[PDB]
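J.: Following this: a sequence and the matching experimental structure.
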Amino acid sequence: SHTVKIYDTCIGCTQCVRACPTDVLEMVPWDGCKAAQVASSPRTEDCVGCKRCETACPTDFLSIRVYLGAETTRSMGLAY
Amino acid sequence: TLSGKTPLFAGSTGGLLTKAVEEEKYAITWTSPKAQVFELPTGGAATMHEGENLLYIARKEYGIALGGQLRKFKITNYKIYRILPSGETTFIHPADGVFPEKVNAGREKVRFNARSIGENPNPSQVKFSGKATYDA
Amino acid sequence: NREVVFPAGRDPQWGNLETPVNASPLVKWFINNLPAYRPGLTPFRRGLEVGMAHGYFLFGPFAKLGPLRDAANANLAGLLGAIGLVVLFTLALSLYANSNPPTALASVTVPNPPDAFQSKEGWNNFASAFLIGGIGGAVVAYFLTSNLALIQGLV
Amino acid sequence: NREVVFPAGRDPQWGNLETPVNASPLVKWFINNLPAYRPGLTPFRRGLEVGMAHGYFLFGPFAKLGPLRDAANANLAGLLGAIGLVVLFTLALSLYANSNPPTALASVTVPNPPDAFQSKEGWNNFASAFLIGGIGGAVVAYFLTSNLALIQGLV
Amino acid sequence: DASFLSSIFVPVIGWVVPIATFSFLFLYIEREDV
Amino acid sequence: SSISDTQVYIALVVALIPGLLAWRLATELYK
Ligand code: CLA
Ligand code: CLA
Ligand SMILES: CC1=C(/C=C/C(C)=C/C=C/C(C)=C/C=C/C=C(C)/C=C/C=C(C)/C=C/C2=C(C)CCCC2(C)C)C(C)(C)CCC1
Ligand SMILES: CC1=C(/C=C/C(C)=C/C=C/C(C)=C/C=C/C=C(C)/C=C/C=C(C)/C=C/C2=C(C)CCCC2(C)C)C(C)(C)CCC1
Ligand SMILES: CC1=C(/C=C/C(C)=C\C=C\C(C)=C\C=C\C=C(C)\C=C\C=C(C)\C=C\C2=C(C)CCCC2(C)C)C(C)(C)CCC1
Ligand code: SF4
Ligand code: SF4
């Protein structure tokens, strides 16, 4: 699957979780930002790699990054 | 396993192919206050039932697109399942019981790096070691 | 006035439609009685009939349109060209058999494909039968083409 | 620099040696995919391919070395000799089959022979197939030599 | 008078080598052993 | 005019030697 990693410059504005079409991302409790929340990627096996989360991220270069990796039926987005 | 009524449409060729019986299959369930017309992710118009609905789909992204559409109909109780050819039904969305846009306790940080991205090491420092630059 | 196009299996969620082309009793009669789907046939019997039909018609394009179609050995050249395609098709079928092939699909027209096409042994039987039937069909087409003069005794 | 000759199965007690002639991966590829030993074949399919090849080469010495090899009837006499000897071989296979024969042996090269050659029915199916394949292989060798002037003439 | 070798080698290069090579490579890329 | 039949046959027999050595090298490079 692809690898989605969240860096510590997150501000917890939850926009990556909203942008995600395949439910990879979720918000968890945290204490390193004012909103007290980071994004987390437990379901990277559902990640198709479309990078809407990186489009949605407001920090100057990307608290979240998708690293494209091996291809599966889910990551290639095949209905067949 | 899953209780619900199939929405009213005369069928499409955009539905689910041989991957459903051989690899994996998804289902979305929701309840509606009334019977109204929605658009299928496969294409076409369909009427949902007043009450419990069940609509089998080929991909998970179909269910999350449909669940994003059902929010425009003020419907927020939708559930997405993953079904294997053995009959194994697992509940994936929302997995925690709370939608992932809201913080719930009991969730842990997965794949968090405690540094900024410009602080990743060089590729030549990690060469032949079997690790990525963005690992840990 | 009534609707003629239906979802297949009475389940609209499949990528299927029952149409007159797909699900006519005449169409479902013709398709289910081809040797690829006719019930009660061994893989060899299915392949033998498929090969005879195919070697029979493949004679024609090689015989009437090849490089030697104006020579005195036009029919022999068409015979050999048909046999070369039948051998290449047998090689394709044996390669398909040996690759651990996926299952034959059921459909709207044919709800049960045979167990001939579910295993490597059935596909090997089918392929060898296709070779024998194909050479026989090309030889019978060559023979009926080179001997049209026996219809003069029919008159 | 290292040893190339080994006991089979790492046990020196059997009357066996793994040699390069015995246990090369190329030699083990070739013997194991000969139709006597190829996986995924019914006994009919094995006998049919074995028969085809044997009828084809056995056409040769009857046609080119027999009594009639200088006559105009040379190739047909060779065909009749190869078909008669294919029929004698089929009779020998059927007598071997109906004698309740012993089992086929694994060796260094073939770790596991097919179950076709373990009972009487597999041998009888093999021999029935060997007959058909043998007559077909002899006929195809007959037509490729007796018409070899015309086949060269088509070029 | 070895010009007859071309009518062997050119059909071998054009038909026999592609069929044997593509058959090996097809059954190798579909194999699940190695 | 050209070279003889014996020289072409000898060259093919000699070319069997880098054929065999190339088979061994290509299998070793994979191994
Ligand atoms: C794509 C179009 C096309 C077509 C139609 C042809 C046609 C032909 N070429 Mg040609 N060629 C082409 C492109 C084409 N060429 C290209 C792109 C090149 C590459 C440079 C060549 C190079 C070439 C050479 C070198 C030669 C030819 C030759 C030939 C002839 C004999 C072919 C033969 O044996 O039939 C083989 C055909 C078949 C085995 C099957 C054909 C498919 C059947 C007829 C259709 C069946 C479908 C059916 C209708 C559906 C049935 C449904 C069922 C339910 C009823 C023929 C006139 C030869 C010749 O002498 O020319 C006169 C020759 O020497 N061609
Ligand atoms: C043992 C030696 C020997 C040999 C080689 C021959 C050879 C021959 N005899 Mg003869 N004969 C012999 C002894 C021998 N005879 C004896 C002892 C007698 C008793 C009196 C006779 C009585 C006799 C008569 C009465 C006649 C002949 C005839 C013939 C000729 C045709 C026979 C034929 O079709 O063979 C058929 C051969 C086979 C079916 C098989 C051949 C064996 C193959 C080639 C072995 C190949 C092994 C291979 C290399 C291994 C492959 C390895 C693999 C990995 C590829 C032929 C030249 C006939 C003729 O016309 O004379 C010219 C004839 O009428 N012979
Ligand atoms: C339905 C229909 C159709 C179709 C038709 C068709 C397409 C046809 C085809 C046909 C054909 C395609 C035919 C075929 C024929 C074949 C035959 C006639 C064959 C026979 C053969 C034989 C008999 C052989 C035998 C042999 C020999 C000789 C040798 C040895 C081996 C063997 C035994 C195999 C159409 C479209 C028009 C229209 C609609 C309806
Ligand atoms: C490997 C090798 C080798 C060897 C070789 C040989 C041993 C070969 C053989 C070859 C041969 C020996 C071949 C054969 C072929 C055959 C064929 C080609 C056949 C065919 C047949 C057919 C096709 C038939 C059919 C039919 C008919 C026609 C009628 C009816 C019946 C039937 C179906 C059966 C050497 C030492 C050189 C070197 C190294 C490598
Ligand atoms: C019916 C049917 C169908 C359809 C189909 C169509 C509509 C058509 C197709 C078509 C096709 C499928 C065609 C093909 C063609 C092919 C060709 C065009 C060939 C050519 C070839 C040649 C020319 C070769 C020659 C040769 C030989 C023989 C030997 C050696 C030398 C050479 C290589 C030269 C399907 C599948 C759905 C299913 C089943 C039924
Ligand atoms: S790449 Fe796509 S699926 Fe993956 S986390 Fe980003 S938006 Fe979600
Ligand atoms: S968009 Fe970026 S900063 Fe905002 S919650 Fe998502 S990962 Fe964190």
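T.: Cool, got the structure. Numbers count the residues shown, from 1 in each chain, chains lettered A, B, ... in the order given. Ligands and ions are numbered 1, 2, ... in the order given.
J.: Quick one: the helices in chain E, in order.
T.: For chain E, the helices defined by DSSP state H occupy E:6-11, E:17-29.
J.: Out of those, the one nearest ligand 2 is which?
T.: Nearest of the helices of chain E to ligand 2, taken as CB to the nearest ligand atom: helix E:17-29 at 18.8 Å. The C-beta positions use only the backbone N, C-alpha and C, and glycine is treated the same way.
J.: that older thread, distance to residue D:102 and mean neighbour count added to the helices of chain E, as a markdown table?
T.: Shown next, in a markdown table, are these (distance: least, CB to CB, whole Å; neighbours: other CB atoms under 10 Å in any protein chain shown):
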| stretch | distance to residue D:102 | mean neighbour count |
| --- | --- | --- |
| helix E:6-11 | 44 | 10 |
| helix E:17-29 | 34 | 11 |
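J.: Need these in TSV (columns: distance to residue A:3).
T.: Formatted as TSV, the helices of chain E follow (distance: least, CB to CB, whole Å):
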stretch	distance to residue A:3
helix E:6-11	52
helix E:17-29	27
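J.: Determine which of these approaches ligand 6 most closely.
T.: Judging those by CB to the nearest ligand atom, what sits closest to ligand 6 is helix E:17-29, at 29.5 Å.
J.: Residues of chain A that sit close to ligand 6?
T.: Chain A comes close to ligand 6 at residues A:4, A:19-22, A:24-25, A:47-53, A:66, as judged by CB under 6 Å from any ligand atom.
J.: Identify those among those residues that sit within strands.
T.: A:4, A:66 (DSSP state E).
J.: Now do the contacts for the residue most central in space within chain A.
T.: With distances taken as CA atoms, centre = their mean, residue A:25 lies nearest the centre of chain A, 4.9 Å away. Contacts were defined as CB atoms under 8 Å, 6 or more residues apart in numbering or on different chains; by that measure residue A:25 touches A:4, A:16-17, A:39-41, A:53, A:64, B:100.
J.: If we only consider these, which is nearest to ligand 2?
T.: residue A:4 (60.3 Å).
J.: Return the distance of the closest one relative to residue A:43.
T.: Here residue A:4 is placed at a distance of 9 Å from residue A:43 (CB to CB, to the nearest Å).
J.: remind me, longest helix of chain B?
T.: Per DSSP H, chain B has its longest helix at helix B:60-70.
J.: Show me what that one is packed up against.
T.: Packing contacts for helix B:60-70, counted by 3 or more CB pairs under 8 Å, 6 or more residues apart in numbering or on different chains; DSSP states H and E, involve strand B:25-32, strand B:37-39, strand B:51-57, strand B:79-83, strand B:89-93.
J.: now that helix and strand B:25-32, what's the angle there?
T.: If you take axes from the mean of the first three to the mean of the last three CA atoms, to 10 degrees, helix B:60-70 sits at 10 degrees to strand B:25-32.
J.: What about the contacts of residue A:25, which are in strands?
T.: The strands, defined by DSSP E, take in A:4, A:39-40, A:64 from the contacts of residue A:25.
J.: Now tabulate the residues you listed in JSON lines and tack on neighbour count.
T.: Converted to JSON lines, the ones in strands among the contacts of residue A:25 look like this (neighbours: other CB atoms under 10 Å in any protein chain shown):
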{"residue": "A:4", "neighbour count": "26"}
{"residue": "A:39", "neighbour count": "30"}
{"residue": "A:40", "neighbour count": "24"}
{"residue": "A:64", "neighbour count": "28"}
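J.: Closest to residue C:96 out of the residues you listed?
T.: Closest approach between the ones in strands among the contacts of residue A:25 and residue C:96, by CB to CB: residue A:4, at 40.0 Å.
J.: show me the contacts for that closest one.
T.: A:24-25, A:41, A:44, A:47, A:53, A:64-67, B:111.
J.: Which members of the residues you listed are the farthest-apart pair?
T.: Among those, A:25 and A:67 lie farthest apart (CB to CB), at 14.7 Å.
J.: At which residues are the helices of chain C located?
T.: Going by DSSP H, chain C shows helices at C:20-23, C:25-32, C:43-65, C:74-98, C:120-146.
J.: out of these, which comes closest to ligand 7?
T.: helix C:20-23 (48.0 Å).
J.: Please name every helix or strand in contact with the closest one.
T.: Looks like helix C:20-23 contacts no helix or strand (3+ CB pairs under 8 Å, 6+ apart).
J.: Among the residues of chain A next to ligand 6, name the ones in helices.
T.: Using DSSP H, the residues of chain A next to ligand 6 in helices are A:19, A:52-53.
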